Amino acid sequence: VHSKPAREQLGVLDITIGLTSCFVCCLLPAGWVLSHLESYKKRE
Amino acid sequence: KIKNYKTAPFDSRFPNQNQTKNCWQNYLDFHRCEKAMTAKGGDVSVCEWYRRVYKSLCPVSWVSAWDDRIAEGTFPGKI
Amino acid sequence: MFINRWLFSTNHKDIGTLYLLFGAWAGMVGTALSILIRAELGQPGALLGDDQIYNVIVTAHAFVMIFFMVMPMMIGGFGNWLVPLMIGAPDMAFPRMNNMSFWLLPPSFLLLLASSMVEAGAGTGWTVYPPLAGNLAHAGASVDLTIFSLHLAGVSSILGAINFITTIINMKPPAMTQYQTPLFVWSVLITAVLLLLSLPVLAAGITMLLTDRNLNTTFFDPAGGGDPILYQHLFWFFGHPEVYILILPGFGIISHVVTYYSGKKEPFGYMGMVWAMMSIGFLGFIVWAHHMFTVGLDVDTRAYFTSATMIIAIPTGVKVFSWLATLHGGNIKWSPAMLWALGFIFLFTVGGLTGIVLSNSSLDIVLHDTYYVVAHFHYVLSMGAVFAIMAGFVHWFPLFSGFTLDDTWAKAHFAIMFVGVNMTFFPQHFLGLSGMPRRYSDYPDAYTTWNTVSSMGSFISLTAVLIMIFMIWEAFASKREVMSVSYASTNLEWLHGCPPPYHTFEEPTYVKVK
Amino acid sequence: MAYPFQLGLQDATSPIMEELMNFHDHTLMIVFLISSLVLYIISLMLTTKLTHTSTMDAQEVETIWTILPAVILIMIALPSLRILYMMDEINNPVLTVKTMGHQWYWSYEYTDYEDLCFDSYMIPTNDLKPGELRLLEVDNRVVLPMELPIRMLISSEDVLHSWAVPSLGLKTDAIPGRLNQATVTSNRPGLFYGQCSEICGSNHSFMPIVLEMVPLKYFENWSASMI
Amino acid sequence: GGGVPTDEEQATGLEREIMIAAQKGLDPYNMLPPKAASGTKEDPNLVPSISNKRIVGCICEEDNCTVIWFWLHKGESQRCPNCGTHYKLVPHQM
Amino acid sequence: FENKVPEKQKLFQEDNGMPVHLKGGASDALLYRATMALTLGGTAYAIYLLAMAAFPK
Amino acid sequence: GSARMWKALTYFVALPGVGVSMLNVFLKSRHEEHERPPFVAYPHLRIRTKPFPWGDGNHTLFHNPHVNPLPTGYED
Amino acid sequence: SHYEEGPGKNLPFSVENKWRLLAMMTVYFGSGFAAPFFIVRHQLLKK
Amino acid sequence: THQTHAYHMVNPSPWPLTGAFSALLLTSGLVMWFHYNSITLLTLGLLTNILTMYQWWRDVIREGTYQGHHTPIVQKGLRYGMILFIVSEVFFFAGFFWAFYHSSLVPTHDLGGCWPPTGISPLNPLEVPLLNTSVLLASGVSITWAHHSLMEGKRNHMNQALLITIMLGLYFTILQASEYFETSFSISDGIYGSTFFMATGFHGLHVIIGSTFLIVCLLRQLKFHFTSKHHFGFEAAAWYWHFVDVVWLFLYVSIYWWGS
Ligand code: HEA
Ligand code: HEA
Ligand code: CUA
Ligand SMILES: [Cu+2]
Ligand SMILES: [Mg+2]
Ligand code: NA
Ligand SMILES: [Zn+2]
């Protein structure tokens, strides 16, 4: 399957932005919950 | 007869491992033994072996529930 | 426009788009549930306190990655895109109940999420085995909401099965017979027949459970004359079909990707391919008690069921050998979907042989519901169905949306996924042989190290998922088009355009006069 | 009883486990045979350079691919059938012990003579005496004598449990209203650890099973002494 | 006499139009497999289309399992790639 | 009970662009509006009730 | 000929058959005045693990006070 | 025709702004990944 | 003239979505009726699903007989889909009969090992189930008479046949409820009571569905919808009611003659 050139080529920064954002943003939920897991456990 | 064993043996009637039917049949024909030989005047202690076999097979909670049902008259068996 | 097209959808392509969205969302939810399980199991002790919530999380993981990921991605999504384009049909037979099955799936997922919200929790496992689901152990609502989600998923899958069988046997071009369609059409046809003759048994079992919980019936209460072994019988007479619905579209799409990227214009042993599909479909019914080897069945019945398990094992071996044969003598192009298919073939092989080792009931008298069976169904499901899903996802994405995928980044996603999931699921062999039973939150010294290694591999799998969704964004941002598609003369779906227009096949295919 | 870095099974106590491990290594030879085969064949299809994309011949080797896995599975399943048949041969039940799985714990009854019943919880991590094991220690061992086949009637009160001892080689699902029959045999005294293998609620991980295997005379000494 | 309505005077629409087509014996809406099985250069297989561009799926050997799908455009009789039987397109606008 | 199907049929092949589910006049439009406002109004009531059950008093 | 045969079977076989079955039940229902069985609190009958979602939770959907005793007895 | 067709325009979302697509994919998959963590902390607060 | 193929292009319809959310409403209403005893959302869900099915089938009639989109190949597809739904429900009731036979062939120790379980005398099969079977068989033969009256072209004869069949079906439903009133024991009463009440109740719901579908087909005929050849509404009526007949024959034979 031959492919035509990217209409909106991504720059080193753009690739970094997407990669870093994806990792950090997706890790945020788990990370924040894991960090405050003890606080949630508190019936308080 | 007056056989004295230590543990209930293998019953060929139920070769499978679902022995709750074995204990159910043992308790049923033990009570059938009681009613039949008390009606006919025979010796009631012949099926003390039947008593020992259902006691050895099925659990104490089950037999206590069944004895209470027999005692105050709500048993689902043919007794 | 948006509400008229997507909320009021009436064509298979947009309905499959919505299937793909819901499947990706469910995959994210289940992935988070999996990292919850492995984060709780990567540490000896109780991270979450009492493991009732742990049972809730394992139940949610099972339900969302089976009844909300793989069925709506393969059976729903890939099939619902493809089989009209494969057989030349313009649309599907019953697009109204197609859209109804779609838009009734998120109510089932909302029932699942609200059941997790309810304080009772779904502490029954993937199976909803009574009297654990009875009123004595779950006096509440969450198990009822899971059963109603089961109802909704069952109705949606039933209507999908009706639509799929109808479109397959009806909208063939009139001169081609039943045995000329591509292999994915056959696989999803056998899948939909399995759905149709399986799902009402599930509906009977779960309605029976509802009436036992709420309407005071005693079908699974031994104090009322009932029997739970009836529920395992019903649930597993549905459960080995569950297996084969989750697996057979995977067979079809892996057969397509190996015959596409091997350079062949024919899959090897296609007539025998269809024979083996129908064989495992027909023996999927009569093998159901291989999950009940420890419940106290008859020895004769155990022998009959393990013998039938070998007889259902043999045509799957025919499938595997035919896959190696259609790989044979071909210029294997190193597309990432081919790598996914090769991983599927090998890891499916090892998982199936693990299943055979299970299928010996003399081994299941000690090996039942340890982590060895967990290794079984994750070797054959968390890489079988999942590896098939990624193979079809990275194969058909230029057809599906119009944007191709970078080969290096796609093989990168495959590489992290492959090594992480192997590190994830190889130690549970040792966990099961050492004897760690299923649904445990905490675990002793002898299982500590292998459980830790599996947790690290699972985090690697999480990193792979992040690479996959970055890859989706990178495709959507680069927006490179398709210059050409090879083997479009053989594959009917690709020749109509990448992506195809909204109304496909306004001109029917001129079938041969012969 | 399991040791860290465990590769195979917990070592055998019963001759049914000895035959089970021999048959397990048989199945391991089959899976390694097939896995090495498919690995090397896959390496052929990766590393080759010649191409055959012609009109294939189909029904020339499929007869071999039908007859070979058939006899593979036949010689797998024939020991399976033989072992499955010898689990329930003509038994001589010298003793009968019944287990009742209760809500996240167990109860045991030796009722053959002088009706004996006791309970079995799990010794907590903070309440462990030094040198013991986590999650496998139990405040009341299950006492059985060696070199005897003893009938074991396994049932449950409330929820489906699963009496599993992978050291001695047993697992039966304890279902309410239905007691299942197993036979315990041993070739070795000592302690063997197992667990409940069926999900049963909020403390499913917290009910293990412990078997201490003692001689006959010490077995009736314990039974007559604990009352 | 008539009682229940009869579809030859009751049904209207696509169903009526193809009943008219059936009773005059020609089908323009691809209910049936086509005709004129002759695929030479001088007499190719005739393919009806309402447009200038239409798929054809050639089963170009008898009892062949896999189909060879390819397009036809308005013009010369394009042939099947893996066999070589010819196909020529006619516009019907119906 | 007379035959008014053929007159009702020609109230369904108007090429005005009005779709088939609203082609019956204004009455089906009001039925559409009422069922569209009350499945959604029911749905918001169900989600609120599930939330009220999930967060007890 | 098929439609005329089915009409004849309906009028001369099916309708007389329903008439005879209705007459059988109607004559039986006039002669039978069933001696309500004595109440026995069998532990496997009248099981209530959860109240019903209607009424008092103790009456069945098709409750009949004359023939259907509660877990405690007849209502009269 | 009645519906606009083309490369990437058949999706229910917009493709033209890569950063906007990143933000909305981020909130979508973040809600998806964060849903069961928020569930389990809800029962941890409740219990 | 835009569509060359003889298949049918469905206009975008909201009622898939609204029926889906009505199923959501029905399930949630059952939840809050079983637990939080609120009738209101259950009634709302029932109204939504009934009304959605009402105008969904109204719209499929509108594209069938008022637009003629039910081309004979689509009619073949409709026949296939209807038969598939019938065999799906055959397997549903087969799972129910599997539950009944799993209870029946091995009577448990709680029941005394005897079927029927002691403490209940089952209703005799001799009078009221014979009346039931006679009603359903008469309804089936009357439907066959009506269908062959469609073959002949006799509108008055098939109207009379359809009113006779609907009278029989409503008679069956009302005396079904009457013997529900006049049975010695209930659904929450024993495994026997549970299983046959569940089976007969699902069958009663199905014969209610069949009776209402007969109402729909009769009212369609009274407005001259059906014709001599394209009468798939009445074809589905005959298929569904024969399914009801054979399921009632199976249930009658099994329950009322095995262990009774
Ligand atoms: C993806 C889903 C999937 C698939 C495909 C399978 C496939 C198989 N499964 Fe499994 N199974 C599950 C999902 C699946 N299973 C789940 C989810 C459970 C437990 C659920 C629960 O406990 O709640 C389970 C449980 C389960 C058990 C119960 C274990 C226990 O708990 O005691 C058993 C044993 O019989 C079993 C057997 C098999 C067999 C024999 C196959 C076979 O179909 C595999 C066939 C594949 C092959 C590749 C065949 C091998 C052939 C070759 C390698 C070719 C060469 C061979 C020769 C030359 C001989 N499965
Ligand atoms: C499809 C089914 C499926 C899948 C993929 C998985 C995947 C995984 N499972 Fe799963 N698991 C089950 C089905 C599945 N499981 C079932 C049925 C049980 C039994 C439950 C019970 O006992 O009741 C179970 C049980 C189970 C347990 C038992 C808990 C216990 O007994 O204590 C554990 C723990 O290690 C576990 C771990 C994992 C891990 C680490 C993965 C990883 O492989 C996760 C990685 C996989 C993915 C992340 C999928 C990829 C998805 C995406 C990338 C998103 C989709 C988006 C697009 C495609 C665009 N699983
Ligand atoms: Cu008892 Cu798990
Ligand atoms: Cu299975
Ligand atoms: Mg188990
Ligand atoms: Na843990
Ligand atoms: Zn050709």
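The backbone N, Cα and C atoms fix where each Cβ goes, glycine too.
What Swiss-Prot records for this protein:
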- D:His161, D:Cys196, D:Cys200, D:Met207: Cu cation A1 binding site (BINDING)
- D:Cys196, D:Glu198, D:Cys200, D:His204: Cu cation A2 binding site (BINDING)
- D:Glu198: Mg(2+) binding site (BINDING)
- D:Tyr218: phosphotyrosine (MOD_RES)
- D:1-22: topological domain 'Mitochondrial intermembrane' (TOPO_DOM)
- D:45-60: topological domain 'Mitochondrial matrix' (TOPO_DOM)
- D:82-227: topological domain 'Mitochondrial intermembrane' (TOPO_DOM)
- D:23-44: transmembrane segment (TRANSMEM)
- D:61-81: transmembrane segment (TRANSMEM)
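Annotated features taken from Swiss-Prot, shown on the structure.
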residue  : record                    : DSSP class
D:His161 : Cu cation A1 binding site : strand
D:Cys196 : Cu cation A1 binding site : strand
D:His204 : Cu cation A2 binding site : helix
D:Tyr218 : phosphotyrosine           : helix
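Closeness to chain C is evaluated for the recorded positions D:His161, D:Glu198, D:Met207, D:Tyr218 by Cβ distance, with values under 8 Å counted; counted residues in sequence order are D:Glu198.
Straight-line distance linking the Cα atoms of D:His204 (Cu cation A2 binding site) and D:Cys196 (Cu cation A1 binding site), rounded to a whole number, equals 7 Å. If you take the Cα of D:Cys200 (Cu cation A1 binding site) and the Cα of D:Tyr218 (phosphotyrosine), they are about 34 angstrom apart, rounded to a whole number. Of all the binding-site residues listed (D:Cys200, D:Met207), D:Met207 has the fewest other CB atoms within 10 A of its CB. In the structure shown, the C-beta of D:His161 has more C-beta neighbours within 10 angstroms than that of any other entry among the binding-site residues D:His161, D:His204. Calculated from their C-alpha atoms, the gap between the residue listed as 'phosphotyrosine' and D:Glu198 (Cu cation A2 binding site) amounts to 33 Å. Neighbouring residues of the recorded Cu cation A1 site, listed in sequence order and excluding D:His161, D:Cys196, D:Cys200, D:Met207, comprise D:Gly101, D:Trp104, D:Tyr105, D:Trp106, D:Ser156, D:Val159, D:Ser162, D:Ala174, D:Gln195, D:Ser197, D:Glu198, D:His204 (Cβ within 8 Å of the Cβ centroid). Cα to Cα, D:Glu198 (Cu cation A2 binding site) and D:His161 (Cu cation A1 binding site) are separated by 5 Å. Residues 83, 86-87, 136, 166-169, 184-188, 191-193, 213 of the same chain lie 6+ residues outside the topological domain 'Mitochondrial intermembrane' (D:1-22) yet bring a C-beta within less than 8 angstroms of a C-beta in it. Just so you know, of the recorded positions D:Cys196, D:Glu198, D:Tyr218, the Cβ with the fewest other Cβ atoms around it within 10 Å is the one at D:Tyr218. The recorded positions near ligand 5, defined by a Cβ under 6 Å from one of its atoms, are D:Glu198, chosen from D:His161, D:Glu198, D:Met207, D:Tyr218. As a summary of secondary structure, the topological domain 'Mitochondrial matrix' (D:45-60) carries 3 helix, 0 strand, 13 coil according to DSSP.
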